[PDB]
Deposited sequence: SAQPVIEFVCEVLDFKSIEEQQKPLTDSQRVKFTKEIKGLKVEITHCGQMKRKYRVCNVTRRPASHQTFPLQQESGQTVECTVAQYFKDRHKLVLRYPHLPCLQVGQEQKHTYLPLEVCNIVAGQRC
């Protein structure tokens, strides 16, 4: 299973992610979107419950800023939710998120928690 953080690097011709310090430009985001859209991905942040999702889109907003309705609505930043619920401080908050599933449903995953499913 290839980490999406390695994949972005190959698509955008980096050798290290610390070679992209800023948010992606619109150009880069589009290039990357063309390669990952419609791939299946599996999440890394729930032990062996590697839930798989189809990639619908890539977010325009880095994970740091991208928001979703949380009800307990107090629209939340994707990053925050991973500190809160998952005890996880993203290393790459500047990077966008993968939009997975029903677009309507605002399911957003940081790159650093996603592996592309190979398999057979």
> Which deposited-sequence positions, grouped into ranges, are missing C-alpha coordinates?
Replying inline: 1, 74 to 77, 126 to 127
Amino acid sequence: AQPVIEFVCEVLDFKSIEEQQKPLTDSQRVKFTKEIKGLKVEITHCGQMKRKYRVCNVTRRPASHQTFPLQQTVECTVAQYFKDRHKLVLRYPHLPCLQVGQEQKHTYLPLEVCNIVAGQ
From here on, numbers count along this sequence of modelled residues.
> When the C-alpha temperature factors are averaged for each of 31 to 39 and 78 to 86, which stretch ends up with the higher value in the entry?
Replying inline: 78 to 86
>> Comparing average C-alpha B factors as deposited, tell me which of 5 to 13 and 18 to 26 sits higher.
In response: 18 to 26
> Is the Cα B-factor recorded for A118 in the lowest, middle or highest third of its chain?
Replying inline: highest
>> Per the entry's values, where does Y92 land by CA temperature factor relative to the rest of its chain, in the lowest, middle or highest third?
In response: middle
